[PDB]
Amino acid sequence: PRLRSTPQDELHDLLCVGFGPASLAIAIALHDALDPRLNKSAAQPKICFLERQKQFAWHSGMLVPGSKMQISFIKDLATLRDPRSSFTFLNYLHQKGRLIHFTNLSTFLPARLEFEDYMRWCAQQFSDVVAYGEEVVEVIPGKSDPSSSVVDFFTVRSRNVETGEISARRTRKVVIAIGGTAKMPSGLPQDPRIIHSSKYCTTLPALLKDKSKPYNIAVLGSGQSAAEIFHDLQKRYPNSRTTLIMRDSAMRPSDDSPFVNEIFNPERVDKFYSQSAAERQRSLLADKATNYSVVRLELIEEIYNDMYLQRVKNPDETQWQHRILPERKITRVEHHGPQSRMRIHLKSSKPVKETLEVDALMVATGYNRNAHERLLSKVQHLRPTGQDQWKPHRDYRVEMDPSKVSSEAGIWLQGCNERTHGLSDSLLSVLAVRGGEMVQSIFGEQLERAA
């Protein structure tokens, strides 16, 4: 099958906000559900994806040279749902003439560059139904009978990133799959020299143009992003003096041990979801080291080894080209001085220390997943009376007042539901299976008519 485009003016069955991996997994699952080769029961649903980037890209600001996936390739966008799918990583390799060559690597962990290209190869097959350069700015409730008190569609308004014009599309069902936004410490001032990890590859080279210059560059944080940037900077700027600032005492290893890791299994979502709010909070805390503020062991070991080599060359740590400053917090940033370097004031992170002069501060402090709140502000009144937070059901559809919203209309959330669905929610871990679940939840009636 081949998904054809729907004219902008027609009522859509589904409109998806964002075309990152989460939305792409839904597109793939729909294709597969409509394929007679895979689904024996298999008109076309009217679907559109809106993506603010001008083309498909996966965390392009963090495509650090040599960076690797932290998940088995088997957990791609189709395999766990159907290994026979044309959208598996192995079939992508076969199509590229690279399958035997990848096999000879004996690794489950492709370069992030390669995995992005896999997803790009998948994404390109849906170009007819994806509108790029469209930033969704609001979702507005709609009534086919404006005199009634029942909402039965939604209008999704997006802004063209190049022209700035506003387009509207109407749909019975909306999916919001917009990932996360850069989290910045509230104490830090705004400055072109202060840059979030998410914009590392895309904006730092424009600030620090000469790769041979002895720049002083600090990195704030101790998670995977902070470690990757710290390590890369030492290769990208060979004569630089880099400094890793962390409030913890040390970089800590990610837990990928097999029993613990079973929390990422697709079948575990049912189990997690059915737990109480207290139990879910308890569970997420207990398993935090699988995902948050943690670094892959291999990378920790490499950075440690690099530090040891500095010790061999010079026993005085204060003279090392690259340094780590643990149990520190930034208390003041001077950035109005005549020189191109900022002055960073540090204290102990325990409940006055040194001063650093730097050309740039990379801030690897993670992400927030609350941007859907702003997009859904105008539909908040459709929630049950007195409810001031969106409550996703197991099938990811948000709860709305049944007396206010028709059964045929709804809004689903994707990627922002860790609190209710578990640690796998924001990752690639369950995307293949979740895509299949989403297609059933959204298009079930049509698929049942064929079944």
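Residue numbers run from 1 along the displayed sequence. Whichever C-alpha set is largest while still superposing within 1.5 Å between the two forms counts as the rigid core.
Looking at C-alpha RMS in 7 other deposited structures of this protein with the core superposed, is it 333 to 341 or 231 to 239 that drifts more? Looking at 231 to 239 and 333 to 341 in 7 other deposited structures of this protein, the bigger mover is 333 to 341.
Quick test of your reading: does residue 352 have no coordinates in a third or more of the other entries compared? Yes.
Does the chain run continuously from residue 42 to residue 43, or are deposited residues unmodelled in between? Answer none, 1 to 3, 4 to 9, or 10 or more. According to the record, 4 to 9 deposited residues lack coordinates from residue 42 to residue 43.
Unresolved deposited residues lying between neighbours residue 338 and residue 339: Unmodelled stretch: none, continuous chain.
Return whichever of 180 to 188 and 101 to 109 has the greater mean Cα B factor according to the PDB record. According to the PDB entry, the answer is 180 to 188.
Comparing 205 to 213 with 116 to 124, which has the greater mean CA B-factor as deposited? 205 to 213 has the higher mean C-alpha B-factor.
What's the residue among 196, 282, 81, 84 with the greatest CA temperature factor in the PDB record? The record points to 282.
Of the choices 355, 222, 243, 261, which one's C-alpha carries the largest B-factor in the record? Top of the list by C-alpha B-factor: 355.
Using the B-factors in the PDB entry, rank residue 323's C-alpha atom against the chain and give the third, lowest, middle or highest. Bottom third by C-alpha B-factor.
Compared with the other modelled residues in the chain, in which third is the CA B-factor of residue 71? Tercile = middle for this residue's CA B-factor.
CA B-factor placement of residue 437, once the chain's modelled residues are sorted into thirds: Lowest third of the chain for residue 437's C-alpha B-factor.
What third of its chain, lowest, middle or highest, does the C-alpha temperature factor of residue 38 fall into? It belongs to the highest third of the chain when residues are ordered by C-alpha B-factor.
Taking the entry's C-alpha B-factors for this chain, is residue 88 in the lowest, middle or highest third? Residue 88: CA B-factor falls in the lowest third of its chain.
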